[PDB]
Structure formats: C-alpha cells, structure tokens
Engineer: 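This is the structure I want to talk about, given as structure tokens.
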Amino acid sequence: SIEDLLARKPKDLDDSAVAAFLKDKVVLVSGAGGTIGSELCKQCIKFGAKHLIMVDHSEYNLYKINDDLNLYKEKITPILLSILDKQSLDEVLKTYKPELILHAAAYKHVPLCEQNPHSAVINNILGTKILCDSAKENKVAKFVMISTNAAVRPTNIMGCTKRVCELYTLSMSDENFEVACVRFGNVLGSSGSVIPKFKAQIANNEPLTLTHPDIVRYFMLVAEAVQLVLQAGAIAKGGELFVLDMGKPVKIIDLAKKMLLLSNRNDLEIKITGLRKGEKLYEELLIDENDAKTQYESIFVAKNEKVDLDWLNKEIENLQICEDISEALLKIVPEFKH
Amino acid sequence: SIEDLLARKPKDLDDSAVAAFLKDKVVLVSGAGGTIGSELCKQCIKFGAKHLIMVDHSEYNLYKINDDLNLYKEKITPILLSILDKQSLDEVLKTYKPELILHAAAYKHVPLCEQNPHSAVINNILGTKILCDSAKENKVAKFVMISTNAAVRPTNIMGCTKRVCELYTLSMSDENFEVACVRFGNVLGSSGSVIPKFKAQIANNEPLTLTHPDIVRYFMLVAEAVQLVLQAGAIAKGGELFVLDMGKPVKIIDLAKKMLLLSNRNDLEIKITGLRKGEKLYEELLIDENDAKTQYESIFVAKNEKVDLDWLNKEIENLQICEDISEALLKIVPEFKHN
Ligand SMILES: NC(=O)c1ccc[n+]([C@@H]2O[C@H](COP(=O)([O-])OP(=O)(O)OC[C@H]3O[C@@H](n4cnc5c(N)ncnc54)[C@H](O)[C@@H]3O)[C@@H](O)[C@H]2O)c1
Ligand SMILES: NC(=O)c1ccc[n+]([C@@H]2O[C@H](COP(=O)([O-])OP(=O)(O)OC[C@H]3O[C@@H](n4cnc5c(N)ncnc54)[C@H](O)[C@@H]3O)[C@@H](O)[C@H]2O)c1
Ligand SMILES: CC(=O)N[C@H]1[C@@H](OP(=O)(O)OP(=O)(O)OC[C@H]2O[C@@H](n3ccc(=O)[nH]c3=O)[C@H](O)[C@@H]2O)O[C@H](CO)[C@@H](O)[C@@H]1O
Ligand SMILES: CC(=O)N[C@H]1[C@@H](OP(=O)(O)OP(=O)(O)OC[C@H]2O[C@@H](n3ccc(=O)[nH]c3=O)[C@H](O)[C@@H]2O)O[C@H](CO)[C@@H](O)[C@@H]1O
Ligand code: NA
Ligand code: NA
Ligand code: NA
Ligand code: NA
C-alpha cells in the first residue's frame with residue numbers, strides 16, 4: 001500500500017498515556033464523522049472513554065461513524081448538529097457535561113475556502129468561537145483544537161481562519177479551562193485529498209493531474225496523527241500550541257509514480273495542471289530550532305502569545321459583516337500573505 | 001447488481017421535455033452533493049442548463065460533485081453554504097439570479113431525526129422556509145421541493161418535518177412563484193441506506209441485520225426519480241403536489257437473500273433485529289385511485305389544500321421554542337401518529 005509506504009511509523013506512540021488521559025471520561029468530538037473526527041472517536045473508545053458525544057452537521061458522516069461503532073453503541077450518542085447553533089450546543093453540553101472536547105469540525109479545503117471565504121470564516125472562526133465559549137461556560141476541563149501547519153504564515157483563507165482559531169482558543173485558556181492546539185500536516189488518504197483523487201483517475205483510466213512537478217508535502221497516517229494529538233492533549237497544562245514532527249517531505253510526483261507502479265499502470269500519463277490558488281509549493285519549516293521538546297520525540301511546543309480577547313471579539317464581529325475578508329483577516333494575522 | 005434487478009425503468013422518460021424546461025436556465029440545486037442532488041446536477045448539465053449553482057453544507061459532498069463535473073466546470077459554481085444562513089443565501093441568489101431552484105437539502109434518516117428532533121425541525125422546516133422565502137423575494141420563477149412518501153400519514157419526526165415543508169412551500173406558490181413538491185420512495189443505493197449497509201456487512205463477514213421479516217419498500221433508481229422530478233417540474237403550473245409511481249414493493253428479506261445469492265455468501269445468517277422507532281412496515285398506498293393523472297404515466301397529482309401562512313409561520317416559531325416537538329408537530333399535521 002501507498003499509505004503503508006509513506007506511513008510515519010513513529011517510535012513514540014504511547015497507548016498507556018492515552019488510556020490514562022481518557023479513562024472513564026465523557027468526551028465530545030466535533031466533526032465526529034470526518035476523517036480525523038472518526039479516528040478520534042474510534043481511539044476514544046479503544047482507550048477507554050466512558051461516553052462519547054459525537055457532534056457532526058453531516059448526516060451521512062454521523063450515520064457512518066455511529067454505524068462503525070455499533071459494537072459500542074451503549075457508550076456513544078450521535079448528535080446531529082452544527083456547532084453554529086449555540087443554543088442547541090449549550091443544551092448538549094449542559095446535558096452531557098463532557099470533561100474533554102476534541103474539536104475537529106472545520107472547512108479544510110484550500111480551493112473551496114478561497115471560493116467561499118465568508119462561509120470559511122463563519123464555519124471555522126465563528127464555529128470555533130461558539131464551541132469554545134460554550135465549553136468554557138460549561139466547565140469543560142480540557143479543549144483540544146485540531147489545527148494545521150497551514151496556519152503558519154498563511155497564504156490562503158482556510159489557513160488563515162485556522163490561525164485565528166488558534167489565537168482565539170489559546171487566549172481563552174486558563175487554570176480551569178485548559179486549551180491545547182495541535183498543528184500537523186497532510187493526513188494520508190483523507191476525505192477529498194490527493195490519494196483518493198489519483199486512485200479514482202487510475203480506476204477511470206484518466207491521466208493523473210499533478211499541480212506542479214516540484215511540489216512536496218509532509219504526510220502521516222490518520223491513526224498516527226490522532227494518537228499523537230491525544231498524547232499532546234494528555235500532557236497539556238493549558239495554553240500550548242503543539243506541533244507534530246512528520247519526517248521528510250514527499251514529492252507529489254513520486255507519490256503519483258508509486259501509485260501507478262503499485263497498480264501495474266504505467267500506461268497512464270502524469271499531466272501538469274498548475275498550482276491551485278492559495279497553495280504553497282513547499283509548505284513551511286515544520287519545527288523551529290527553538291520549539292520546546294516534550295517527552296515525545298514526535299511532539300514539540302511552538303511559541304504563542306495570548307491576544308486581547310476584547311480586541312479579538314471586535315475583529316470577529318467585523319469579520320461577519322465586512323466587505324473584504326482577506327484584508328480583514330490581515331489585520332488579525334499580520335503575517336497573512338494572500 | 002441488486003440495483004439492476006429492482007430498477008423501475010419507466011416507459012415515459014422524456015428527455016426532450018426536460019431539455020426544453022432546462023434550456024439556458026440558471027438553476028440552483030440545494031443539497032447539490034447528496035445522492036439526489038448530485039444526480040440533479042448531472043442531469044441539469046446533461047439537459048442544457050446554462051449555469052448550475054451547487055449549494056451544500058458538506059464540504060466533501062460539494063468537493064465531490066464539483067470534481068465529478070470537472071469536464072463542465074465553466075458551467076458550475078460550488079457554493080459552500082448552509083441554507084440556514086439567510087443573509088448569505090440571499091446574496092447568492094442576488095448574484096446568480098437563478099430561475100429554478102431544486103431543493104434537495106434535508107436530513108432524511110428516520111433514526112437520527114428521532115434522536116435529534118430539534119435539528120430535524122431546524123434543518124428541514126426552517127431551512128426550507130429560509131430558502132423558499134429567499135427564492136420568492138428574489139423572484140425565482142419556479143421552486144421544486146424534493147419530498148418523500150414518508151410525508152403521508154407520517155409516523156416519524158423526519159417524515160412529519162417533510163410534510164410541514166410541503167405545507168409551507170405550496171402555500172407560498174402563486175402566479176409569479178410556482179412551487180411543485182414531488183413525493184417518491186426509496187432511492188436504490190442512496191447514502192446511508194440499506195443496500196450499502198448490507199454490502200458492508202457482507203464484505204465484513206457479518207450477519208445481515210433485517211429489521212422485520214415482513215417489511216417492504218418501494219424502490220427506484222436515482223436517475224429515474226430525478227428525471228421524473230424534472231418532468232414534473234416541467235409540466236407544473238404552480239401548487240402541484242406530485243407523486244411518482246414506483247411499481248411493486250420489495251420485501252427487504254428478499255433483497256437480503258438476493259444480495260447473499262449474488263455475492264455467493266449464503267453461508268451468512270440473516271438476523272432479525274427489530275423495527276426501528278418511527279418505522280412503518282408497508283409504507284402507504286402510493287397512488288390514491290382518485291389522484292389526478294398527468295401526461296406521464298409515472299407521475300400523478302395528489303390532493304392538497306393551502307393552509308394560512310399567517311397560521312403556519314406562527315406554528316413554525318412555536319416549533320423552535322416548544323417543550324415537546326412531537327406534540328407541536330401534531331398541531332400542524334393532525335394525521336401524525338408518532339411511534
Ligand atoms: N485531512 C488533513 O490532511 C488535515 C491535515 C491537518 C489538519 N487537518 C484539520 O483537521 C480538521 C478535520 O479535517 P478532516 O480531514 O477530518 O476533514 P473532514 O471534512 O473529513 O471532517 C470534518 C468534519 O467536520 C464536520 N463539520 C464541519 N463543519 C461543521 C459544523 N459547523 N458543525 C458540525 N460539524 C461540522 C464535517 O461534516 C466533517 O464530518 C480540520 O481543520 C482540518 O483542517 C486536516
Ligand atoms: N434517498 C432516498 O431514499 C429518498 C427518498 C425520497 C425522498 N428523499 C429526499 O431526497 C432528499 C435528499 O436525500 P438524499 O438521499 O440525496 O440525502 P443526502 O443526505 O445524500 O443529500 C442531502 C444533501 O443536502 C445537504 N444538506 C443538508 N442540510 C443542508 C443545509 N442546511 N444546507 C445545505 N446543504 C444541506 C447534505 O450535505 C447532502 O449533501 C431529501 O430531501 C430527502 O428528504 C430521499
Ligand atoms: C485534506 C485536504 O483536502 N486538505 C488538507 C491538506 O491540504 P493539501 O491542499 O496539501 O491537500 P491535497 O490532498 O488536496 O493535496 C496534496 C498535494 O497534492 C497536490 N495535488 C492535489 C490534487 C491534485 O489533483 N493534484 C495534485 O497534485 C496538491 O497541490 C498538494 O501538493 O493538508 C493540509 C495539511 O498540510 C491541510 O491544511 C488541509 O486541510
Ligand atoms: C437513509 C435513507 O435514504 N432514508 C430514506 C429511505 O428510508 P428507509 O428508512 O426506508 O431507508 P433505509 O435504506 O434505511 O431502509 C430500507 C429498509 O431496509 C430496512 N433495513 C434498514 C437497515 C438495516 O440495517 N436493516 C434493515 O432491514 C428498513 O427497516 C427499511 O425497511 O426512504 C424513504 C422513502 O421511502 C425516505 O423518506 C428516507 O429519507
Ligand atoms: Na473509515
Ligand atoms: Na448509542
Ligand atoms: Na456518485
Ligand atoms: Na466552476
């Protein structure tokens with residue numbers, strides 16, 4: 001398998017630490033039925049959580065993860081809900097009183113967020129604000145925000161919104177409501193990503209569409225990223241912006257060729273179709289030489305400064321009505337180059 | 001495959017009527033990346049729409065239908081959006097000025113809507129209200145509501161919510177804003193449905209889980225339901241509640257058995273697991289012997305009277321506040337018998 005070949009296989013997976021962190025917890029996962037959310041769900045059950053509240057706005061995604069976990073049906077509750085519905089979300093948190101929220105709900109596609117920036121802002125930033133505020137109000141002990149390497153020096157709407165969500169959640173962190181964010185890169189075979197695209201092109205005898213001959217990405221398996229996110233949540237004391245190490249980058253052309261080789265399909269061409277708007281060619285330096293080490297060699301802590309929430313709330317209000325979203329996002333993230 | 005077997009293959013598919021109806025139109029499809037919406041999008045391009053506005057809240061579903069239609073990308077615009085965001089929907093409608101809205105966005109699962117009746121109400125009823133209101137205000141000429149046979153004498157929250165959407169949209173119909181609803185039954189192989197569930201159980205060496213040995217459903221292919229919906233929309237003058245003829249119902253036990261026979265896994269057990277809450281054994285009579293015929297033999301018009309919108313709007317507000325959704329729904333839909 002191509003997944004197998006590019007797997008990170010990190011040597012510092014710690015089952016026992018995740019078990020101790022999750023034992024008998026009521027846990028709520030937003031985006032429960034997504035690529036990452038579904039794997040969080042599965043690992044929460046595997047590592048002994050008492051009760052899993054699965055929140056997703058996509059009815060098929062929710063149905064599917066509920067169905068996948070049907071052997072544990074007594075321990076899970078499928079909540080069909082947008083996190084933008086504050087009043088319903090508050091009712092959910094007061095009812096179940098989760099001690100941990102794993103926030104994986106977001107819009108993540110670079111091109112679609114470029115084309116729909118307002119919805120990106122609303123779903124990502126406002127949805128994060130609503131979920132985060134509700135968690136703090138409802139005395140959730142720990143809140144882990146799934147973030148992305150795309151939030152570093154963002155060149156696109158999606159990335160920028162995720163950076164704003166880091167700023168917001170980390171600024172809400174305190175002794176009673178401990179927030180951690182976890183940045184990582186491309187999850188192998190995730191929803192709507194390049195591996196399923198190539199797989200489908202091959203199966204339909206189409207040429208593979210490669211954006212640029214020199215483009216590279218960092219990859220890991222969903223089970224690896226999720227477990228490390230959970231180990232990061234487990235060691236968090238509140239306020240940490242974590243980042244995962246992912247090994248060496250992989251050329252997408254090499255990925256394309258390996259896929260072709262694995263299906264004995266060297267009858268097919270690889271066609272250059274050009275960079276998509278917002279897209280980086282090399283991403284960013286993963287780990288700064290001065291990020292703090294943790295006890296896990298795959299997990300580092302990056303520097304982050306709280307921001308004045310009053311100011312941030314004003315900017316977020318403006319984001320929901322303003323005419324130029326890109327320019328507005330810049331006033332919040334001055335490193336944003338769109 | 002199982003789909004082949006149970007196809008309807010109506011004799012009265014009419015490409016040309018659909019082509020004439022869709023020619024050069026700007027068409028907005030809500031729920032565009034769903035099972036039915038995706039097929040609506042494809043048929044809109046096939047039959048010569050000018051421009052397709054694809055609205056969906058699931059980024060993956062939208063991504064996928066957008067990619068599926070890559071060959072025709074200059075004719076399609078992917079709008080990542082919940083129809084509950086009135087202000088943004090309004091802006092989309094003003095920017096693109098669609099002439100036709102095909103409304104396929106909803107929550108459709110009996111059990112999930114049983115378990116989340118408030119979100120069923122919000123996403124189905126309020127989402128329909130917002131989209132329908134915005135369409136009329138923005139002078140969209142024709143609005144087609146995808147409905148369901150479950151709206152008839154509903155026994156579950158989902159079906160009841162769909163019936164309220166019928167009442168709302170049809171009561172908004174007038175000479176400028178023509179509304180049709182179309183009711184039909186199970187679409188073979190649709191998202192989250194019994195066929196994909198049985199396929200996975202088989203692929204995983206699991207017993208098939210059959211709710212009840214006697215349960216039956218009416219089935220048709222997505223391409224058939226969709227084209228018939230488009231033909232209904234083509235002949236509509238406003239205010240019609242259409243219903244499709246779907247042929248003979250199918251015992252789910254016979255569908256299970258046939259799946260096991262086709263993959264040669266008669267080694268697997270069929271386990272009876274019990275009816276799910278809200279579920280009917282035999283659905284309902286499809287075509288009332290008095291429903292009116294149309295020019296197509298697969299499409300009929302079911303009786304329906306407008307309700308006062310003043311009344312309905314206030315009942316819809318009550319739905320968003322009440323203690324007890326089921327009781328509140330019964331006020332609007334007095335034939336609702338909630339299992
Ligand atoms: N997939 C990757 O390669 C990758 C890499 C780094 C970070 N991330 C981050 O992980 C998070 C999840 O990514 P994914 O691959 O699982 O995407 P995904 O789209 O498969 O899953 C996201 C889930 O959230 C749900 N959702 C979205 N908005 C919602 C809302 N308002 N209310 C409730 N549910 C909502 C979706 O329906 C979906 O099931 C996103 O920020 C993403 O940016 C992903
Ligand atoms: N599948 C069947 O058997 C069947 C039979 C009869 C009627 N119907 C009706 O057909 C319609 C679609 O069913 P389907 O099988 O395609 O289901 P689906 O879930 O596959 O498709 C619905 C689509 O609507 C989207 N959506 C839901 N709420 C939304 C919102 N608030 N804003 C924007 N997008 C939203 C979803 O993301 C999804 O892509 C529903 O109206 C259902 O009520 C289905
Ligand atoms: C999963 C998804 O949809 N996007 C995520 C993905 O972004 P990213 O945009 O990298 O995800 P993709 O899987 O879409 O693309 C992976 C790589 O393949 C290339 N490519 C893509 C499609 C194609 O047809 N041909 C082609 O060559 C891209 O240019 C990119 O170099 O990882 C980032 C982490 O680093 C996250 O921030 C994004 O949320
Ligand atoms: C998920 C879905 O598309 N639901 C639609 C489906 O409902 P419906 O609930 O009939 O659709 P499903 O495919 O879930 O179920 C079909 C039949 O198979 C049975 N079954 C299902 C699952 C299983 O594990 N075992 C089993 O035996 C059910 O009891 C039912 O008799 O068609 C109706 C139209 O008639 C629509 O109103 C619903 O929106
Ligand atoms: Na899966
Ligand atoms: Na359960
Ligand atoms: Na499809
Ligand atoms: Na396009």
Side-chain angles (χ1 to χ4, degrees), chain A residues 31 33-35 54-64 66-68 70-71 77-82 84-85 87-89 91-92 105-124 126-127 158 190-193 196-197 200-201 204 206 209 273 320-321, chain B residues 31 33-35 54-64 66-68 70-71 77-82 84-85 87-89 91-92 105-124 126-127 158 190-193 196-197 200-201 204 206 209 273 320-321:
Chain A
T35 293
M54 305 179 296
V55 174
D56 205 299
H57 71 178
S58 163
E59 181 179 47
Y60 175 69
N61 286 357
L62 186 55
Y63 162 82
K64 178 59 166 58
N66 190 241
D67 193 70
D68 295 345
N70 112 98
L71 283 172
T77 299
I79 300 293
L80 184 60
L81 183 65
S82 181
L84 286 161
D85 179 357
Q87 150 200 106
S88 292
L89 184 67
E91 188 66 6
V92 172
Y107 292 149
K108 74 165 176 168
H109 276 253
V110 171
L112 282 172
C113 288
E114 289 301 300
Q115 294 149 24
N116 296 268
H118 172 84
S119 288
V121 164
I122 293 303
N123 204 58
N124 296 356
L126 191 57
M158 182 282 294
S190 84
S191 64
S193 77
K197 180 119 175 86
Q201 291 175 325
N204 284 85
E206 301 163 10
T209 47
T273 56
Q320 296 169 61
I321 62 146
Chain B
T35 294
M54 303 180 295
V55 177
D56 205 293
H57 74 356
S58 164
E59 185 179 44
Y60 174 76
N61 287 357
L62 188 58
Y63 164 81
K64 181 55 161 56
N66 190 76
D67 189 75
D68 290 345
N70 167 64
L71 275 190
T77 301
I79 298 293
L80 190 51
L81 184 62
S82 179
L84 292 160
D85 178 351
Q87 185 40 55
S88 304
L89 171 65
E91 295 162 333
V92 165
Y107 288 154
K108 68 151 172 176
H109 275 255
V110 168
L112 281 171
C113 291
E114 291 304 296
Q115 292 159 75
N116 293 274
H118 185 261
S119 281
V121 164
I122 294 296
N123 196 64
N124 295 350
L126 188 62
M158 181 286 291
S190 71
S191 64
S193 69
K197 168 91 162 135
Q201 281 176 327
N204 226 62
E206 287 164 15
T209 53
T273 62
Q320 292 164 82
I321 300 311

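Residue numbers start from 1 in every chain, and the chains themselves are labelled A, B, ... in the order their sequence lines are given, proteins ahead of strands. Note that these values count all heavy atoms, side chains included, but never hydrogens, waters or copies made by symmetry.
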Engineer: Answer with side chain, backbone, both or neither: which region of A:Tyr107 has an atom nearer than 4.5 Å to a non-hydrogen atom of chain B?
Structural biologist: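 A:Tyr107 touches chain B through backbone and side-chain heavy atoms alike.
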Engineer: Is A:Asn61 in contact with chain B via its backbone, its side chain, both, or neither, using a 4.5 Å heavy-atom distance?
Structural biologist: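 Neither the backbone nor the side chain of A:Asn61 comes within 4.5 Å of chain B.
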Engineer: Could you check whether any side-chain heavy atom of A:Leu81 comes within less than 4.5 Å of a side-chain heavy atom of B:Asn116, counting everything from C-beta outward?
Structural biologist: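 Answer no - side chains too far apart.
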Engineer: Can you name the residues that form a side chain to side chain donor-acceptor pair (under 3.5 Å) with A:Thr209, not counting sequence neighbours?
Structural biologist: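 If we apply the side chain to side chain donor-acceptor pair (under 3.5 Å) test to A:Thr209, skipping adjacent residues, the hits are A:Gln201.
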Engineer: Most heavy-atom pairs under 4.5 angstrom with chain B, which of A:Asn66, A:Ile79, A:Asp85?
Structural biologist: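 Greatest number of close heavy-atom pairs with chain B: A:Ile79.
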Engineer: Chain A heavy atoms under 4.5 Å from B:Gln115: which part of the residue, side chain, backbone, both or neither?
Structural biologist: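 Answer is side chain: those atoms of B:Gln115 sit under 4.5 Å from chain A.
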Engineer: Below 4.5 Å, heavy atoms only, C-beta onward: do B:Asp67 and A:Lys197 meet side chain to side chain?
Structural biologist: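 When only atoms from C-beta onward are counted, A:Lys197 and B:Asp67 do touch, with a gap below 4.5 Å.
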Engineer: Report the residue from A:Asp56, A:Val55, A:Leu62 that forms a side-chain contact (heavy atoms from CB on, under 4.5 Å) with A:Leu80.
Structural biologist: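 Among A:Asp56, A:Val55, A:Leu62, the one meeting side-chain contact (heavy atoms from CB on, under 4.5 Å) with A:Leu80 is A:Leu62.
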Engineer: Less than 4.5 Å to any heavy atom of chain A: does that hold for the side chain of B:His118, its backbone, both, or neither?
Structural biologist: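 Interface part for B:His118: side chain.
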Engineer: What part of A:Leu84 is in contact with chain B, defined as an atom under 4.5 angstrom from a non-hydrogen atom: side chain, backbone, both or neither?
Structural biologist: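 The answer is neither part of A:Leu84.
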Engineer: Using heavy-atom distances under 4.5 Å, tell me whether A:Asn123 contacts chain B through its side chain, its backbone, both, or neither.
Structural biologist: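 For A:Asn123, there is no contact with chain B at all, as no heavy atom is under 4.5 Å.
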Engineer: Among B:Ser119, B:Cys113, B:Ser58, which residue has the highest count of heavy-atom pairs closer than 4.5 Å to chain A?
Structural biologist: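 Of the options given, most contacts go to B:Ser119.
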Engineer: Are any non-hydrogen side-chain atoms of B:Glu91 and B:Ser88 less than 4.5 angstrom apart?
Structural biologist: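 Yes, their side chains come closer than 4.5 Å.
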Engineer: Under the side chain to side chain contact (heavy atoms under 4.5 Å, CB included) test, which residues partner A:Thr35, sequence neighbours left out?
Structural biologist: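 Per chain and number, A:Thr35 pairs via side chain to side chain contact (heavy atoms under 4.5 Å, CB included) with A:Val187, A:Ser190, A:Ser191, A:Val222.
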Engineer: Output, in order, the C-alpha distance, side-chain angles, deciding distance and verdict of side-chain contact (heavy atoms from CB on, under 4.5 Å) for A:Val121 and A:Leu126.
Structural biologist: CA-CA 7 Å; A:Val121 164; A:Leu126 191 57; 5.9 Å; no
Engineer: Pick one of side chain, backbone, both or neither for A:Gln87, based on which atoms fall under 4.5 Å of a heavy atom in chain B.
Structural biologist: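 It is the side chain, since no backbone atom gets that close.
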